[PDB]
$ cat entry.pdb   # PDB, C-alpha atoms and all ligand atoms
ATOM      1  CA  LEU R 127     -50.386   0.975 -16.650
ATOM      2  CA  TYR R 128     -47.362  -1.314 -16.898
ATOM      3  CA  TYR R 129     -45.433   0.729 -19.461
ATOM      4  CA  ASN R 130     -45.281   3.508 -16.867
ATOM      5  CA  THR R 131     -43.508   1.080 -14.523
ATOM      6  CA  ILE R 132     -40.838   0.275 -17.115
ATOM      7  CA  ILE R 133     -40.152   4.023 -17.383
ATOM      8  CA  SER R 134     -40.118   3.999 -13.571
ATOM      9  CA  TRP R 135     -37.306   1.434 -13.734
ATOM     10  CA  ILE R 136     -35.495   3.349 -16.488
ATOM     11  CA  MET R 137     -35.265   6.625 -14.576
ATOM     12  CA  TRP R 138     -33.980   4.704 -11.547
ATOM     13  CA  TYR R 139     -30.934   3.726 -13.607
ATOM     14  CA  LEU R 140     -30.676   7.335 -14.797
ATOM     15  CA  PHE R 141     -30.455   8.674 -11.238
ATOM     16  CA  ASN R 142     -27.742   6.115 -10.398
ATOM     17  CA  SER R 143     -25.541   7.540 -13.150
ATOM     18  CA  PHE R 144     -23.386  10.710 -12.671
ATOM     19  CA  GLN R 145     -20.763   8.790 -10.677
ATOM     20  CA  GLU R 146     -17.624   7.306 -12.199
ATOM     21  CA  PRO R 147     -17.646   3.904 -10.433
ATOM     22  CA  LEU R 148     -21.137   2.896 -11.532
ATOM     23  CA  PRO R 149     -23.160   1.000  -8.886
ATOM     24  CA  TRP R 150     -23.447  -2.068 -11.159
ATOM     25  CA  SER R 151     -19.674  -2.382 -11.598
ATOM     26  CA  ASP R 152     -18.448  -4.086  -8.412
ATOM     27  CA  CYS R 153     -19.669  -6.310  -5.584
ATOM     28  CA  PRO R 154     -20.334  -4.957  -2.080
ATOM     29  CA  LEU R 155     -18.737  -6.319   1.079
ATOM     30  CA  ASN R 156     -20.878  -8.025   3.696
ATOM     31  CA  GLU R 157     -20.067  -7.347   7.360
ATOM     32  CA  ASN R 158     -16.430  -8.166   8.098
ATOM     33  CA  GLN R 159     -15.004  -6.693   4.838
ATOM     34  CA  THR R 160     -13.143  -9.945   4.055
ATOM     35  CA  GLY R 161     -15.333 -11.432   1.323
ATOM     36  CA  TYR R 162     -18.061 -10.398  -1.064
ATOM     37  CA  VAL R 163     -21.781 -10.839  -0.575
ATOM     38  CA  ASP R 164     -22.549 -14.483  -1.328
ATOM     39  CA  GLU R 165     -25.015 -14.081  -4.195
ATOM     40  CA  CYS R 166     -22.915 -11.362  -5.843
ATOM     41  CA  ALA R 167     -20.059 -13.874  -6.181
ATOM     42  CA  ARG R 168     -22.063 -16.798  -7.575
ATOM     43  CA  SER R 169     -23.978 -14.528  -9.970
ATOM     44  CA  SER R 170     -22.789 -11.371 -11.731
ATOM     45  CA  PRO R 171     -22.549  -7.904 -10.127
ATOM     46  CA  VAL R 172     -24.911  -6.489 -12.740
ATOM     47  CA  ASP R 173     -27.245  -9.433 -12.184
ATOM     48  CA  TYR R 174     -27.053  -8.514  -8.524
ATOM     49  CA  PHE R 175     -27.950  -4.852  -8.990
ATOM     50  CA  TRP R 176     -31.269  -5.725 -10.695
ATOM     51  CA  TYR R 177     -32.638  -8.493  -8.500
ATOM     52  CA  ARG R 178     -31.458  -7.331  -5.062
ATOM     53  CA  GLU R 179     -30.692  -3.596  -5.148
ATOM     54  CA  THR R 180     -33.395  -2.460  -7.582
ATOM     55  CA  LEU R 181     -36.232  -4.974  -7.276
ATOM     56  CA  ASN R 182     -35.461  -6.807  -3.994
ATOM     57  CA  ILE R 183     -37.235  -9.730  -5.656
ATOM     58  CA  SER R 184     -38.867 -12.676  -3.862
ATOM     59  CA  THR R 185     -38.749 -16.373  -4.664
ATOM     60  CA  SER R 186     -42.357 -16.689  -5.872
ATOM     61  CA  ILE R 187     -45.421 -14.760  -6.983
ATOM     62  CA  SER R 188     -47.184 -15.942  -3.818
ATOM     63  CA  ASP R 189     -44.675 -14.296  -1.455
ATOM     64  CA  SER R 190     -45.082 -10.510  -1.436
ATOM     65  CA  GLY R 191     -43.793  -7.949   1.032
ATOM     66  CA  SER R 192     -43.800  -4.190   1.542
ATOM     67  CA  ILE R 193     -43.992  -1.295  -0.921
ATOM     68  CA  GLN R 194     -40.171  -0.861  -1.384
ATOM     69  CA  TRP R 195     -39.919   2.935  -0.955
ATOM     70  CA  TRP R 196     -37.270   3.843  -3.558
ATOM     71  CA  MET R 197     -39.269   2.224  -6.355
ATOM     72  CA  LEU R 198     -42.352   4.098  -5.141
TER      73      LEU R 198
ATOM     74  CA  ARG S 671      17.613 -18.285   0.704
ATOM     75  CA  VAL S 672      16.133 -18.672  -2.793
ATOM     76  CA  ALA S 673      15.368 -22.017  -4.461
ATOM     77  CA  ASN S 674      13.631 -23.355  -7.593
ATOM     78  CA  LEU S 675      13.973 -20.430  -9.988
ATOM     79  CA  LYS S 676      11.934 -20.612 -13.207
ATOM     80  CA  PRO S 677      11.360 -18.684 -16.436
ATOM     81  CA  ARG S 678       7.732 -17.859 -15.620
ATOM     82  CA  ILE S 679       9.505 -16.072 -12.788
ATOM     83  CA  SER S 680       8.792 -18.046  -9.652
ATOM     84  CA  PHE S 681      10.888 -19.237  -6.728
ATOM     85  CA  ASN S 682      10.630 -20.293  -3.111
ATOM     86  CA  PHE S 683      12.293 -18.440  -0.269
ATOM     87  CA  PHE S 684      12.779 -18.789   3.463
ATOM     88  CA  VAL S 685      14.505 -16.526   5.985
ATOM     89  CA  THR S 686      17.115 -17.574   8.546
ATOM     90  CA  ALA S 687      18.711 -15.837  11.525
ATOM     91  CA  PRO S 688      21.573 -13.479  10.498
ATOM     92  CA  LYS S 689      24.505 -15.790  11.298
ATOM     93  CA  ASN S 690      22.779 -18.992  12.443
ATOM     94  CA  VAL S 691      21.813 -21.275   9.552
ATOM     95  CA  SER S 692      20.018 -23.702  11.890
ATOM     96  CA  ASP S 693      17.489 -21.044  12.988
ATOM     97  CA  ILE S 694      14.784 -20.803  10.336
ATOM     98  CA  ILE S 695      12.265 -18.033  11.033
ATOM     99  CA  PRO S 696       8.775 -19.619  11.037
ATOM    100  CA  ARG S 697       6.537 -19.096   8.034
ATOM    101  CA  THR S 698       3.679 -17.516   9.995
ATOM    102  CA  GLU S 699       5.998 -14.699  11.107
ATOM    103  CA  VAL S 700       7.352 -14.081   7.605
ATOM    104  CA  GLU S 701       3.732 -13.815   6.447
ATOM    105  CA  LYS S 702       3.110 -11.065   9.006
ATOM    106  CA  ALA S 703       6.261  -9.180   8.016
ATOM    107  CA  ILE S 704       5.347  -9.232   4.323
ATOM    108  CA  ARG S 705       1.810  -8.003   5.066
ATOM    109  CA  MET S 706       3.205  -4.981   6.924
ATOM    110  CA  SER S 707       5.463  -3.880   4.042
ATOM    111  CA  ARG S 708       3.683  -5.247   0.957
ATOM    112  CA  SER S 709       2.915  -1.804  -0.467
ATOM    113  CA  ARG S 710       6.575  -0.848  -0.073
ATOM    114  CA  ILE S 711       7.834  -3.954  -1.909
ATOM    115  CA  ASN S 712       5.307  -3.389  -4.717
ATOM    116  CA  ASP S 713       6.532   0.161  -5.358
ATOM    117  CA  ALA S 714      10.170  -0.962  -5.577
ATOM    118  CA  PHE S 715       9.363  -3.175  -8.588
ATOM    119  CA  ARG S 716       6.403  -1.277 -10.194
ATOM    120  CA  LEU S 717       4.037  -4.212  -9.592
ATOM    121  CA  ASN S 718       0.606  -4.004  -8.016
ATOM    122  CA  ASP S 719      -0.516  -6.904  -5.806
ATOM    123  CA  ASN S 720      -1.795  -9.140  -8.649
ATOM    124  CA  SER S 721       1.447  -9.301 -10.629
ATOM    125  CA  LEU S 722       3.424  -9.938  -7.419
ATOM    126  CA  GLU S 723       1.642 -12.685  -5.500
ATOM    127  CA  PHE S 724       2.822 -14.678  -2.516
ATOM    128  CA  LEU S 725       0.485 -17.745  -2.669
ATOM    129  CA  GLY S 726      -1.011 -17.920   0.797
ATOM    130  CA  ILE S 727      -0.981 -14.229   1.619
ATOM    131  CA  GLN S 728      -4.106 -12.618   0.245
ATOM    132  CA  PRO S 729      -5.030  -8.906   0.496
ATOM    133  CA  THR S 730      -7.940  -8.272   2.849
ATOM    134  CA  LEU S 731      -8.769  -4.746   3.974
ATOM    135  CA  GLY S 732     -10.619  -1.820   2.450
ATOM    136  CA  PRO S 733     -14.271  -0.804   2.730
ATOM    137  CA  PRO S 734     -15.779   0.996  -0.281
ATOM    138  CA  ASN S 735     -18.084   3.321   1.676
ATOM    139  CA  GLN S 736     -18.131   6.185  -0.826
ATOM    140  CA  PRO S 737     -21.239   8.423  -0.527
ATOM    141  CA  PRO S 738     -22.013  10.792   2.329
TER     142      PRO S 738
HETATM  143  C1  LIG A 801      20.856 -21.304  16.373
HETATM  144  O1  LIG A 801      19.462 -21.567  16.387
HETATM  145  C2  LIG A 801      19.088 -22.780  17.056
HETATM  146  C3  LIG A 801      17.592 -22.908  16.907
HETATM  147  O2  LIG A 801      17.246 -23.645  15.745
HETATM  148  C4  LIG A 801      19.537 -22.741  18.514
HETATM  149  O3  LIG A 801      19.280 -24.028  19.064
HETATM  150  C5  LIG A 801      18.662 -23.955  20.352
HETATM  151  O4  LIG A 801      19.665 -24.036  21.369
HETATM  152  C6  LIG A 801      19.177 -24.007  22.719
HETATM  153  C7  LIG A 801      20.393 -24.041  23.613
HETATM  154  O5  LIG A 801      21.589 -23.947  22.853
HETATM  155  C8  LIG A 801      18.235 -25.184  22.947
HETATM  156  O6  LIG A 801      17.701 -25.118  24.264
HETATM  157  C9  LIG A 801      17.110 -25.147  21.920
HETATM  158  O7  LIG A 801      16.278 -26.292  22.068
HETATM  159  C10 LIG A 801      17.680 -25.114  20.504
HETATM  160  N1  LIG A 801      16.608 -25.026  19.526
HETATM  161  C11 LIG A 801      16.157 -26.085  18.845
HETATM  162  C12 LIG A 801      15.042 -25.820  17.881
HETATM  163  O8  LIG A 801      16.628 -27.205  19.002
HETATM  164  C13 LIG A 801      21.026 -22.417  18.605
HETATM  165  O9  LIG A 801      21.413 -22.213  19.959
HETATM  166  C14 LIG A 801      21.361 -21.162  17.803
HETATM  167  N2  LIG A 801      22.791 -20.905  17.829
HETATM  168  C15 LIG A 801      23.315 -19.756  18.265
HETATM  169  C16 LIG A 801      24.808 -19.658  18.220
HETATM  170  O10 LIG A 801      22.615 -18.837  18.675
HETATM  171  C1  LIG A 802     -17.456 -12.220   9.444
HETATM  172  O1  LIG A 802     -18.345 -11.315  10.148
HETATM  173  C2  LIG A 802     -18.988 -11.910  11.286
HETATM  174  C3  LIG A 802     -19.938 -10.873  11.839
HETATM  175  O2  LIG A 802     -20.842 -10.422  10.841
HETATM  176  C4  LIG A 802     -17.940 -12.367  12.301
HETATM  177  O3  LIG A 802     -18.588 -13.015  13.388
HETATM  178  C5  LIG A 802     -16.945 -13.319  11.646
HETATM  179  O4  LIG A 802     -15.908 -13.638  12.566
HETATM  180  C6  LIG A 802     -16.340 -12.691  10.392
HETATM  181  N1  LIG A 802     -15.445 -13.624   9.727
HETATM  182  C7  LIG A 802     -14.137 -13.392   9.576
HETATM  183  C8  LIG A 802     -13.359 -14.456   8.864
HETATM  184  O5  LIG A 802     -13.607 -12.371   9.998
HETATM  185  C1  LIG A 803     -35.910  -6.245   0.992
HETATM  186  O1  LIG A 803     -34.915  -5.368   1.532
HETATM  187  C2  LIG A 803     -35.001  -5.231   2.957
HETATM  188  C3  LIG A 803     -33.997  -4.174   3.347
HETATM  189  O2  LIG A 803     -34.011  -3.097   2.421
HETATM  190  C4  LIG A 803     -34.752  -6.585   3.619
HETATM  191  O3  LIG A 803     -34.929  -6.453   5.025
HETATM  192  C5  LIG A 803     -35.718  -7.634   3.076
HETATM  193  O4  LIG A 803     -35.367  -8.918   3.578
HETATM  194  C6  LIG A 803     -35.701  -7.661   1.544
HETATM  195  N1  LIG A 803     -36.713  -8.574   1.037
HETATM  196  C7  LIG A 803     -36.461  -9.855   0.752
HETATM  197  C8  LIG A 803     -37.621 -10.655   0.237
HETATM  198  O5  LIG A 803     -35.347 -10.348   0.901
END

$ encode --input "entry.pdb" --output "structure tokens"
Amino acid sequence: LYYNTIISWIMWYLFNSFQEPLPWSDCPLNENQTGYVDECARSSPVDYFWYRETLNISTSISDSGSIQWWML
Amino acid sequence: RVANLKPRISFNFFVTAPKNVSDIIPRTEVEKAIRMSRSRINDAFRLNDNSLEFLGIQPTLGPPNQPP
């Protein structure tokens, strides 16, 4: 049951290939295009692609949200 | 007018009126003139914006909105 979710995460990184600037290579800009997103600058851009653009993770196991369509 | 030249390759400069040494152009207007022609000064020396820095003028623009 859970090893089919790891393969679900693996083929998400396979679909986000086939582009020369990889999506985990640089930080996005926020609203005014003057600085980076705040948690992409304190952390790493790769560490930002996992927790916010793949998982959209929460701060606890008690706080849960919606189904997160792409992952589905 | 160039001052304080070093081996690392650094100096200070300010700009005066063409034949009036008492009339120093203000620094906030020299910063706007350099921003308008920074890509043209970079090409004249084969440097690219990180090997020719101005210490108080930082590059700003450019959205990376790639995919349609
Ligand atoms: C050279 O530039 C100076 C500015 O630094 C001019 O001085 C001004 O002169 C007018 C009248 O002569 C005064 O009302 C201003 O107050 C002066 N400016 C300052 C900052 O004191 C000077 O006139 C210029 N010389 C020439 C020949 O153009
Ligand atoms: C950053 O963007 C906000 C709007 O999202 C704007 O109000 C603010 O002035 C911008 N900051 C700068 C320094 O441009
Ligand atoms: C998940 O992403 C959506 C937008 O895709 C955002 O509105 C929401 O705040 C995110 N969830 C959390 C817990 O930040």

$ atom_distance --input "entry.pdb" --atom1 "atom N1 of ligand LIG 803 (chain A)" --atom2 "CA of residue 731 (chain S)"
28.4 Å

$ residues_near_ligand --input "entry.pdb" --ligand "ligand LIG 803 (chain A)" --cutoff "12 Å" --atoms "all atoms listed in the file" --output "MDAnalysis selection string"
chainID R and resid 177:197

$ write_last_selection --input "entry.pdb" --atoms "C-alpha atoms" --output "PDB file, in the coordinates of the input"
ATOM      1  CA  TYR R 177     -32.638  -8.493  -8.500  1.00  0.00           C
ATOM      2  CA  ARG R 178     -31.458  -7.331  -5.062  1.00  0.00           C
ATOM      3  CA  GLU R 179     -30.692  -3.596  -5.148  1.00  0.00           C
ATOM      4  CA  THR R 180     -33.395  -2.460  -7.582  1.00  0.00           C
ATOM      5  CA  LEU R 181     -36.232  -4.974  -7.276  1.00  0.00           C
ATOM      6  CA  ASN R 182     -35.461  -6.807  -3.994  1.00  0.00           C
ATOM      7  CA  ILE R 183     -37.235  -9.730  -5.656  1.00  0.00           C
ATOM      8  CA  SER R 184     -38.867 -12.676  -3.862  1.00  0.00           C
ATOM      9  CA  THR R 185     -38.749 -16.373  -4.664  1.00  0.00           C
ATOM     10  CA  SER R 186     -42.357 -16.689  -5.872  1.00  0.00           C
ATOM     11  CA  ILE R 187     -45.421 -14.760  -6.983  1.00  0.00           C
ATOM     12  CA  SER R 188     -47.184 -15.942  -3.818  1.00  0.00           C
ATOM     13  CA  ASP R 189     -44.675 -14.296  -1.455  1.00  0.00           C
ATOM     14  CA  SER R 190     -45.082 -10.510  -1.436  1.00  0.00           C
ATOM     15  CA  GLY R 191     -43.793  -7.949   1.032  1.00  0.00           C
ATOM     16  CA  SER R 192     -43.800  -4.190   1.542  1.00  0.00           C
ATOM     17  CA  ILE R 193     -43.992  -1.295  -0.921  1.00  0.00           C
ATOM     18  CA  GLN R 194     -40.171  -0.861  -1.384  1.00  0.00           C
ATOM     19  CA  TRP R 195     -39.919   2.935  -0.955  1.00  0.00           C
ATOM     20  CA  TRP R 196     -37.270   3.843  -3.558  1.00  0.00           C
ATOM     21  CA  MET R 197     -39.269   2.224  -6.355  1.00  0.00           C
TER      22      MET R 197
END

$ residues_near_ligand --input "entry.pdb" --ligand "ligand LIG 802 (chain A)" --cutoff "9 Å" --atoms "all atoms listed in the file" --output "PyMOL selection string"
chain R and resi 156-161

$ residues_near_ligand --input "entry.pdb" --ligand "ligand LIG 801 (chain A)" --cutoff "9 Å" --atoms "all atoms listed in the file" --output "PDB file with C-alpha atoms, keeping the file's coordinate frame"
ATOM      1  CA  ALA S 687      18.711 -15.837  11.525  1.00  0.00           C
ATOM      2  CA  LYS S 689      24.505 -15.790  11.298  1.00  0.00           C
ATOM      3  CA  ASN S 690      22.779 -18.992  12.443  1.00  0.00           C
ATOM      4  CA  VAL S 691      21.813 -21.275   9.552  1.00  0.00           C
ATOM      5  CA  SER S 692      20.018 -23.702  11.890  1.00  0.00           C
ATOM      6  CA  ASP S 693      17.489 -21.044  12.988  1.00  0.00           C
ATOM      7  CA  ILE S 694      14.784 -20.803  10.336  1.00  0.00           C
ATOM      8  CA  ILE S 695      12.265 -18.033  11.033  1.00  0.00           C
TER       9      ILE S 695
END

$ interface_residues --input "entry.pdb" --of "chain S" --to "chain R" --cutoff "7 Å" --atoms "all atoms listed in the file" --output "ChimeraX atom specification"
/S:730-733

$ resolve_selection --input "entry.pdb" --expression "the PyMOL selection byres (((chain S and resi 683) around 12) and not hetatm)" --output "MDAnalysis selection string"
chainID S and resid 671:675 680:682 684:686 694:697 700:701 724

$ atom_distance --input "entry.pdb" --atom1 "CA of residue 172 (chain R)" --atom2 "CA of residue 149 (chain R)"
8.6 Å

$ atom_distance --input "entry.pdb" --atom1 "CA of residue 176 (chain R)" --atom2 "CA of residue 136 (chain R)"
11.6 Å

$ decode --input "entry.pdb" --residues "region 131-192 of chain R" --atoms "C-alpha atoms" --output "compact mmCIF listing (two decimals), in the first residue's frame"
# COMPACT_ATOMS: atom_id res chain seq x y z
CA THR R 131 3.01 5.79 -3.03
CA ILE R 132 6.81 5.92 -3.23
CA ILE R 133 6.52 4.93 -6.91
CA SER R 134 3.85 7.64 -7.13
CA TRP R 135 6.46 10.14 -5.93
CA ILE R 136 9.14 8.71 -8.25
CA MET R 137 7.12 9.13 -11.44
CA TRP R 138 6.30 12.70 -10.40
CA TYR R 139 10.02 13.49 -10.63
CA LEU R 140 10.13 11.63 -13.95
CA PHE R 141 7.42 13.83 -15.47
CA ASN R 142 9.26 16.97 -14.30
CA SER R 143 12.31 15.95 -16.33
CA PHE R 144 12.60 16.60 -20.13
CA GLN R 145 13.40 20.29 -19.57
CA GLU R 146 16.92 21.69 -19.40
CA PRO R 147 16.51 24.03 -16.40
CA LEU R 148 15.23 21.39 -13.99
CA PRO R 149 12.49 22.60 -11.60
CA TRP R 150 14.67 21.83 -8.55
CA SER R 151 17.55 24.01 -9.78
CA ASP R 152 16.53 27.58 -8.92
CA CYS R 153 14.28 29.53 -6.57
CA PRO R 154 11.02 31.13 -7.74
CA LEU R 155 10.18 34.81 -7.34
CA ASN R 156 7.33 35.86 -5.08
CA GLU R 157 5.11 38.73 -6.25
CA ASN R 158 7.19 41.81 -7.03
CA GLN R 159 10.08 39.93 -8.76
CA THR R 160 12.67 41.62 -6.50
CA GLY R 161 13.53 38.81 -4.09
CA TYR R 162 13.16 35.07 -3.77
CA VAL R 163 10.46 33.22 -1.89
CA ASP R 164 11.39 33.40 1.79
CA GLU R 165 11.69 29.70 2.61
CA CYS R 166 13.57 28.97 -0.63
CA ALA R 167 16.32 31.35 0.52
CA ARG R 168 16.71 30.07 4.08
CA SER R 169 16.58 26.44 2.94
CA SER R 170 17.83 24.91 -0.31
CA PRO R 171 15.99 25.05 -3.66
CA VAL R 172 15.92 21.25 -3.83
CA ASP R 173 14.72 21.14 -0.23
CA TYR R 174 12.03 23.54 -1.37
CA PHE R 175 10.85 21.44 -4.31
CA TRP R 176 10.08 18.44 -2.06
CA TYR R 177 8.31 20.03 0.89
CA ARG R 178 6.37 22.81 -0.86
CA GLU R 179 6.01 22.00 -4.57
CA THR R 180 5.66 18.21 -4.35
CA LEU R 181 4.20 17.47 -0.92
CA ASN R 182 2.84 20.87 0.23
CA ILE R 183 3.57 19.54 3.72
CA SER R 184 1.95 20.74 6.96
CA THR R 185 3.52 21.47 10.33
CA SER R 186 2.07 18.45 12.16
CA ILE R 187 0.35 15.11 11.72
CA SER R 188 -2.76 16.61 13.32
CA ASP R 189 -3.19 19.31 10.66
CA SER R 190 -4.41 17.82 7.37
CA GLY R 191 -5.94 19.53 4.37
CA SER R 192 -7.24 18.65 0.91
